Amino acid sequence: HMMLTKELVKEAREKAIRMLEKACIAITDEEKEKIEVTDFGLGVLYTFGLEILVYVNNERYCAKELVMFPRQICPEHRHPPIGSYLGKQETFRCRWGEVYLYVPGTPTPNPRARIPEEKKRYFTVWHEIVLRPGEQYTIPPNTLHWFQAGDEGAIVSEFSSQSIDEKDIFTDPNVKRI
């Protein structure tokens, strides 16, 4: 249950690099140094965390590679409207492994995800979309969602409207995105 040190960040960045290269996704040396490692401020990176390569992000489009270690969870959040921006719409495409995405709707029986008991209160949507390599789903703006990688981890691509991560809203009050 540790604060996010320089050394933990390095270890996670190197692991995400290994995963990307094993999936045959080429990345430049400059990109290797720029991969973002977030524990969402929750201090258990291998439980709640994401390792992110931003390919491009501007007002007109965004694309990222979201690397997830085995059973890593992205905590529940929504990309809200901000001023006259509608909020981010995103399409996820699983490239490698598998991911369990949860969105609003009828609760899926026998969900695949496993959430710590202490954190169950912070997952409110339970309609399951399982994505395997090549499969996609689109999330409209201001929609609560979260995801957990399967037992071998996942690489999930994002194609989206502009990303403004600083303005995301997280169900878990403990989360600090940056």
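Residues carry their position along the shown sequence, with the first being 1.
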Greater mean Cα temperature factor according to the PDB record, 5 to 13 or 18 to 26: 5 to 13
Which of 104 to 112 and 73 to 81 has higher mean CA B factor, as the PDB entry lists it: 104 to 112
Where does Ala63 sit by CA temperature factor within its chain: lowest, middle or highest third? lowest
Assert third(CA B-factor, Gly43) within chain per record equals highest
Chain-wide C-alpha B factor ranking for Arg132, given as lowest, middle or highest third: middle
By the record's CA B-factor, is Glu33 among the lowest, middle or highest third of residues in the chain? highest
Looking at the C-alpha B-factor of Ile139, is it in the lowest, middle or highest third of its chain? highest
